[PDB]
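**Student:** Below you will find the structure I want to go over with you.
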Amino acid sequence: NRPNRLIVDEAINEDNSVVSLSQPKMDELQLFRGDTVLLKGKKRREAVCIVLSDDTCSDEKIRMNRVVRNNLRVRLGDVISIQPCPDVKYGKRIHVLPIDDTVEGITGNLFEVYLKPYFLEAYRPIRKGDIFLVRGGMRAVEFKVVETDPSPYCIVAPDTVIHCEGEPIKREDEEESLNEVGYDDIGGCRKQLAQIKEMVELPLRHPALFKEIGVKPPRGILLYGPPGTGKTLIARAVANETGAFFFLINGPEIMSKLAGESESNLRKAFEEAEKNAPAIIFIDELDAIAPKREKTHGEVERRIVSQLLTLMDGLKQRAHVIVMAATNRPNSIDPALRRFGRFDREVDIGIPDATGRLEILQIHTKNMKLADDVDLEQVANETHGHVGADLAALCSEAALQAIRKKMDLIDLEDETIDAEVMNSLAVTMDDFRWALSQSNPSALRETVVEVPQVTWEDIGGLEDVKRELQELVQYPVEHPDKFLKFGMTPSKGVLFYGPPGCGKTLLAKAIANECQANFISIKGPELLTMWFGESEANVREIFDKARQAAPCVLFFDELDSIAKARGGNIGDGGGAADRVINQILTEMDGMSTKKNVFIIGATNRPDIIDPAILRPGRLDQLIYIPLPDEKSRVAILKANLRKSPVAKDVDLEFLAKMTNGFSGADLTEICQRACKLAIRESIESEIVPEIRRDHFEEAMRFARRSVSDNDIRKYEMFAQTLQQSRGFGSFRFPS
Amino acid sequence: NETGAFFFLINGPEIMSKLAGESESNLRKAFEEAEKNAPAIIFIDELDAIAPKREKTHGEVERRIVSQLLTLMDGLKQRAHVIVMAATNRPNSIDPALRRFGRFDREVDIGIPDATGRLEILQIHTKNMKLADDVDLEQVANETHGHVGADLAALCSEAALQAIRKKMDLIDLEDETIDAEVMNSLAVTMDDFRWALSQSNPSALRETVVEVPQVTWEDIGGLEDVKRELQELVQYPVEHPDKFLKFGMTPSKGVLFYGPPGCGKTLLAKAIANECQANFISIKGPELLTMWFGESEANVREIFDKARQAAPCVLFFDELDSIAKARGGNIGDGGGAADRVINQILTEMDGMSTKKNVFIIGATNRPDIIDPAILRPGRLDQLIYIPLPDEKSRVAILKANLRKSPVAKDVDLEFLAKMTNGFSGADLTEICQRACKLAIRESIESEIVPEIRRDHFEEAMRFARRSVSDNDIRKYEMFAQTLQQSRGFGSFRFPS
Ligand SMILES: Nc1ncnc2c1ncn2[C@@H]1O[C@H](COP(=O)(O)OP(=O)(O)O)[C@@H](O)[C@H]1O
Ligand SMILES: Nc1ncnc2c1ncn2[C@@H]1O[C@H](COP(=O)(O)OP(=O)(O)O)[C@@H](O)[C@H]1O
Ligand SMILES: Nc1ncnc2c1ncn2[C@@H]1O[C@H](COP(=O)(O)OP(=O)(O)O)[C@@H](O)[C@H]1O
């Protein structure tokens, strides 16, 4: 029973010590707003924390932080006892004793500079036997007392004094190093860590569950992603925060020894893990271990692969161990390792997007401090092609510029140095600007896979097609019973056409943002490259990665690019069938219907498109996007002008009604050209931050009309051909 | 295990994982120890990585093993009783030297289980536990098509973990010791299987699916004239061989039927496979265009090789004119009507054994651009023309397509069928799908009646499409008279 336990859950707030509760929880423990919560761990220890009351952020979950995880030896999937302590205690005497384990490189008095201007207006409670970290000196040191006033009676108050003895105590191995990598050190990966969280804690946190049940436990997990995404970091964290022996083998040192003992080393590596149960085995790289694709040289390289296959094939129950492997791309792993019982679980981690990169800036900067005008939100927005390790490299090399630009005008060069200056290292905005403009990204030409910020308000007008996309995307994933009962299979994909520059890409991105689903962008040149080069297998990986990145939505921009490059309507003697779209068809037909992977096709010349892709089953839903009317052009202009500063006397209705045959891009280029004039005038006047009517009057003289009446009637003749309201279109049936 | 013989298993990686010099001795002693423990049996888990004498060709260390295996199975005289069993993944990875007589003469192929096969294996991996009364395995194995046998076992195991995770989260029975009186309450619900199956990753999804469909003769509305034709050419030579043999007339090798698109050419081929309790292979248009653009011409060899060994079976070549359409069609370039893929189909069709009950069905919609070389007597001589459905058969088509959907009693189908003149089979099915769209959307909107009324059909009929215009009509009458030719002496009473 005991209806007071709280299950440990993942924390989303990057705060110091705050616990979120529910409305009924205050009335059960009669606790006030700010109280002293007492927690019972094991081995007769207590912990103190600060509770926060909120009924908007969380509903019935706790937010337990890592500052008290190591102070109570409590991990994920464990129960705890909560108890209020309304007793009022004011500490007046405390004892401090540094341990001779991490005091290297630290000189002078560090308490008076790091602890005095940090605990004011904080009232943080402390207890004998707590490990807490501080942010100072471009690092983070720990503290642990061994003899002080009887617990508790410990409150940080200004009346306390300082003292020194000079006789450090020897540390013990009972506790672990809290500085090691944990679950709070990985950001920008919510969906990928969730799968690991829901497959690793079953056979490790509760080993006794699996000796009694006959359920097959997962034995091998394969990690993916470009180099530097953090495959090693995740494996190090999931083993350090679970309580299992982590054994790491890189792979080059396996193959660096003489031929004959590498196999013995690999065998003993697996053998030593079984006795140290629970245990875990992680392989840093696997492509250079089993390159049975194109290398095929020497039995020395095949003996290792055979030994690994033998070692993971014979992994019966016996003990509890999980073999984790990481690589860079699936096209470099021996398929013999992908069989069942060796590597059946494959997880892919992609490039973090703007909301993901900002989440990982903080981990690599929390050890230091910045200025008040320097914000990491904007610095991670315009970058798109940076891997996780690129951010860490950028921060490190920005710190060096900070100190270089600080000591040049000071010239504090002498015999010895003092520790009271390196705490003043503050990174400015220009430091990050120059450091980022100088950084060299690693991966920049991959299929970027991210969820855009674009919403339905970005697309002006087109209210008729918004509901159409909603009713074909959101419905089959929200009401499967209603679709299943009527006995009608959901639409596999939608292709919409129309004149260029009308929001076909924005429509596809909005339906991905609204569904909280992933998005893949395949442009025209991305599809022309695989045609000229006779590289036809490149379409296999697109669908393979889209399927595994579920949920997701495909996008095939300007599918008629091959037809345009081949001649179009007539061209040569050939018809309308090509090789790339042919390979798209056989992969589209082979997709599983249940999976929530949608395909969106975009084109502007449907007359030269392949009729074979129009058949019912692959792309049957067609949406025609006409030119915006006067009603929607005002919305398009005002949506495009939200970011730019626009004056109050700028009338948009007249401007929108003045343009008759103008598409969406024609209105955006007008705004860009108007911004050009304002920027140029502002620069010239330096030797007003607003856009007036004069800027638009001059910009409208350079207006372009890409869609002429030549492009107009090419679509009415197509719409009537596809609709065909003749014969019996509008007739009242007697029955 | 169920015969009473000593089972000896060798994987193959541990054979090649030891130092060079003792692996051959281990393999030899493995064969030698089986003879003394008679009766015995030898099974090799994988053989492609044991004898990769196709493209690897590196080192005598890898050829010594192959030679040792060949020596050990070549010298298997009577002496004792032992059977060497080997498994692999695909025939294109085995040394042909092992396929000789006396080493591996018996080849058996096991395909992907279909809906009736997968349901049969759900029960084995779930009998150890119990489910709820509303959870049924019949429907869960129906919509899946690309799952291997081990995929089902993996899916069940990972659904069980979700069951316990969703059960102990709200209970939190975490203490020092555990009791055995709770794990018997582990019941798997429907949403558990739904999320587990939607999250599973199938292994094989782009193979030639080889299965027997559920489709029957009642699914195809009308076309009573062509049903008997297919019966009399498929079921007869396999049922009365003596009657065919006595008259001295060889059975028809294959049948190609043509007609406008969307008229049941695929369903006709599938029904004749279901009725004969025979296997079925489906080769679509893109499946045939892929082997043409890529200059991969040997891919047609394996199709016929696996069709022959999967006897009884029926072939299907959908839209055979796809290569001609992609090449230009009637005129195109200066070339004629002969290509490479259909050329390789001809040499494989001529080489088939007549006795084997492997039928070939060809489907096309533009017979004017088809290769005349495939029309010759001997390969595809029987031609069936499938015209547009009449008023009599459109009612049957609509009522057959509407069996699954809930249809109200006041929905008249005869008027709807007689209202459409130039509508093919797919034109009637898209109307029903569009009518179901409106009912589903109205049902969802009204949430904030489970039936289809006349209003749903009235609105859906406004969006009706007529794919087959009169442009596509007379292109077939001119062909039918050319092939039939009742002129000169068509209808004349002979005195003798
Ligand atoms: N998502 C991430 N969050 C935080 N740090 C990351 C992330 N991805 C990469 N890093 C940084 O990259 C460094 C090394 O990359 P790592 O992942 O260890 O190698 P690999 O990418 O090959 O697994 C880590 O020490 C970590 O600081
Ligand atoms: N309806 C619209 N609402 C807002 N912006 C639009 C609209 N149509 C076009 N644009 C602008 O034109 C640009 C090009 O639109 P795009 O999505 O590329 O359409 P398409 O791909 O069909 O040409 C967009 O980046 C957007 O700024
Ligand atoms: N005679 C018919 N009876 C039932 N359904 C039909 C019929 N003709 C066409 N259909 C429907 O039209 C769709 C297309 O039929 P299909 O098998 O492709 O024939 P074809 O290949 O000649 O177009 C089928 O999925 C089927 O539901």
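Order determines the names: the first chain of the structure tokens is A, the second B, and so forth; residues in each chain are numbered 1 upward, and ligands are numbered 1 upward as they are shown.
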Return as a PyMOL selection string the residues of protein, DNA or RNA that approach ligand 2 to within 7 Å, with only C-alpha atoms and all ligand atoms taken into account.
**Tutor:** chain A and resi 458-462+499-506+636+639-640+663-665+668
**Student:** Report the closest atom pair, with its distance in Å rounded to one decimal, for each residue of chain B that has an atom no farther than 6 Å from ligand 3; count only C-alpha atoms and all ligand atoms, sort by chain and then rising residue number, and write it as CSV.
**Tutor:**
residue,atom,partner,partner_atom_place_in_ligand_line,distance
B:219,CA,ligand 3,4 (C),5.6
B:220,CA,ligand 3,3 (N),3.6
B:221,CA,ligand 3,3 (N),4.2
B:261,CA,ligand 3,23 (O),4.3
B:262,CA,ligand 3,23 (O),2.8
B:263,CA,ligand 3,8 (N),3.8
B:264,CA,ligand 3,19 (O),3.4
B:265,CA,ligand 3,22 (O),3.8
B:266,CA,ligand 3,17 (O),3.8
B:267,CA,ligand 3,17 (O),4.7
B:397,CA,ligand 3,3 (N),4.6
B:425,CA,ligand 3,9 (C),3.5
B:426,CA,ligand 3,12 (O),3.8
B:429,CA,ligand 3,11 (C),5.8
**Student:** What are the DSSP alpha helix (DSSP H) residues of stretch 516-704 of chain A, as a PyMOL selection string?
**Tutor:** chain A and resi 524-532+538-548+561-566+580-589+630-640+652-658+664-686+693-699
**Student:** Nearest to ligand 1: which of A:600, A:234, A:652, A:248 is it, counting only C-alpha atoms and all ligand atoms?
**Tutor:** A:234
**Student:** With 6 Å as the cut-off and only C-alpha atoms and all ligand atoms counted, what is the closest atom pair between each nearby residue of chain A and ligand 1? Distances in Å to one decimal, ordered by chain and number, as a Markdown table.
**Tutor:**
| residue | atom | partner | partner_atom_place_in_ligand_line | distance |
| --- | --- | --- | --- | --- |
| A:185 | CA | ligand 1 | 4 (C) | 5.8 |
| A:186 | CA | ligand 1 | 3 (N) | 4.1 |
| A:187 | CA | ligand 1 | 3 (N) | 4.9 |
| A:188 | CA | ligand 1 | 1 (N) | 5.8 |
| A:227 | CA | ligand 1 | 22 (O) | 4.8 |
| A:228 | CA | ligand 1 | 21 (O) | 2.8 |
| A:229 | CA | ligand 1 | 21 (O) | 4.0 |
| A:230 | CA | ligand 1 | 17 (O) | 2.3 |
| A:231 | CA | ligand 1 | 23 (O) | 3.3 |
| A:232 | CA | ligand 1 | 23 (O) | 3.6 |
| A:233 | CA | ligand 1 | 18 (O) | 4.6 |
| A:360 | CA | ligand 1 | 3 (N) | 5.2 |
| A:388 | CA | ligand 1 | 8 (N) | 3.6 |
| A:389 | CA | ligand 1 | 12 (O) | 3.7 |
| A:392 | CA | ligand 1 | 11 (C) | 5.8 |
**Student:** Return as a count of residues only the residues belonging to chain B that are within 8 Å of chain A, counting only C-alpha atoms.
**Tutor:** 53
**Student:** How far is it from atom CA of residue B:319 to atom CA of residue B:484, in Å with one decimal?
**Tutor:**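 Atom CA of residue B:484 lies 22.7 Å from atom CA of residue B:319.
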**Student:** Which of these, B:110, B:355, B:162, B:270, has the shortest distance to residue B:310 once you count only C-alpha atoms?
**Tutor:** B:110
**Student:** At a cut-off of 8 Å, using only C-alpha atoms, what residues contact residue B:52? Leave out same-chain residues fewer than 5 positions from it and give the result as a list in words.
**Tutor:**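 Surrounding residues, per the criterion: residues 57, 93, 94 and 95 of chain B.
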**Student:** Based on the selection just made, write C-alpha atoms of those residues as a compact mmCIF listing (two decimals), in the first residue's frame.
**Tutor:**
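So the final result, stored in out-v4.txt, reads:
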# COMPACT_ATOMS: atom_id res chain seq x y z
CA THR B 57 37.95 -16.02 -54.47
CA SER B 93 25.45 -17.71 -52.84
CA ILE B 94 26.21 -21.46 -52.96
CA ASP B 95 29.15 -23.02 -54.78
**Student:** Write down as a PyMOL selection string the residues belonging to stretch 113-352 of chain B that are assigned strand (DSSP E) by DSSP computed on the backbone.
**Tutor:** chain B and resi 130-131+187-188+254-258+313-317
**Student:** Excluding same-chain residues fewer than 4 positions from stretch 277-285 of chain A, what lies within 6 Å of it counting only C-alpha atoms, as a list in words?
**Tutor:**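 The contact residues come out as residues 244, 245, 246, 247, 248, 249, 250, 273, 320, 321, 322, 323, 324, 325, 326 and 327 of chain A.
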**Student:** Between atom CA of residue A:426 and atom CA of residue A:100, measure the distance and give it in Å to one decimal.
**Tutor:**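 Pair atom CA of residue A:426 / atom CA of residue A:100 returns 29.1 Å.
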**Student:** Find the residues around stretch 692-703 of chain A up to 7 Å (only C-alpha atoms counted), leave out those fewer than 4 positions away in its own chain, and share them as a PDB file with N, CA, C and O atoms, in the first residue's frame.
**Tutor:**
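As written to disk, result-v8.pdb reads:
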ATOM      1  N   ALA A 647       5.857  50.224 -41.185  1.00  0.00           N
ATOM      2  CA  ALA A 647       5.218  51.390 -40.594  1.00  0.00           C
ATOM      3  C   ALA A 647       3.699  51.229 -40.617  1.00  0.00           C
ATOM      4  O   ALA A 647       3.140  50.397 -41.337  1.00  0.00           O
ATOM      5  N   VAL A 650       1.465  52.053 -44.017  1.00  0.00           N
ATOM      6  CA  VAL A 650       1.716  51.219 -45.185  1.00  0.00           C
ATOM      7  C   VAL A 650       0.465  50.377 -45.407  1.00  0.00           C
ATOM      8  O   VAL A 650       0.200  49.427 -44.664  1.00  0.00           O
ATOM      9  N   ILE A 670       9.081  41.270 -53.986  1.00  0.00           N
ATOM     10  CA  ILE A 670       8.777  42.687 -53.810  1.00  0.00           C
ATOM     11  C   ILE A 670       9.169  43.145 -52.411  1.00  0.00           C
ATOM     12  O   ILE A 670       9.780  44.205 -52.237  1.00  0.00           O
ATOM     13  N   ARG A 673      12.996  43.258 -52.125  1.00  0.00           N
ATOM     14  CA  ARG A 673      13.526  44.419 -52.822  1.00  0.00           C
ATOM     15  C   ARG A 673      13.226  45.710 -52.075  1.00  0.00           C
ATOM     16  O   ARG A 673      14.050  46.633 -52.079  1.00  0.00           O
ATOM     17  N   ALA A 674      12.061  45.798 -51.430  1.00  0.00           N
ATOM     18  CA  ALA A 674      11.771  46.951 -50.587  1.00  0.00           C
ATOM     19  C   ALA A 674      12.702  47.008 -49.381  1.00  0.00           C
ATOM     20  O   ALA A 674      13.150  48.095 -49.002  1.00  0.00           O
ATOM     21  N   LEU A 677      16.092  48.541 -50.347  1.00  0.00           N
ATOM     22  CA  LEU A 677      16.151  49.993 -50.403  1.00  0.00           C
ATOM     23  C   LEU A 677      16.254  50.604 -49.015  1.00  0.00           C
ATOM     24  O   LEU A 677      17.033  51.542 -48.812  1.00  0.00           O
ATOM     25  N   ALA A 678      15.492  50.081 -48.051  1.00  0.00           N
ATOM     26  CA  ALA A 678      15.582  50.578 -46.684  1.00  0.00           C
ATOM     27  C   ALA A 678      16.967  50.352 -46.090  1.00  0.00           C
ATOM     28  O   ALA A 678      17.518  51.256 -45.454  1.00  0.00           O
TER      29      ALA A 678
END
**Student:** Set the distance at 7 Å and use only C-alpha atoms: which residues neighbour stretch 130-147 of chain A once local chain neighbours fewer than 4 positions away are removed? I'd like the list as an NGL selection string.
**Tutor:** :A and (67 or 71 or 96-98 or 114 or 367-368 or 422-423)
**Student:** Hey, what's within 8 Å of stretch 519-524 of chain A if we count only C-alpha atoms and toss same-chain stuff fewer than 3 positions away? As a list in words, please?
**Tutor:**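 With the cut-off at 8 Å, the set is residues 447, 448, 449, 450, 451, 452, 509, 512, 527, 528, 546, 552, 553, 554, 555, 556, 557, 558, 559 and 561 of chain A.
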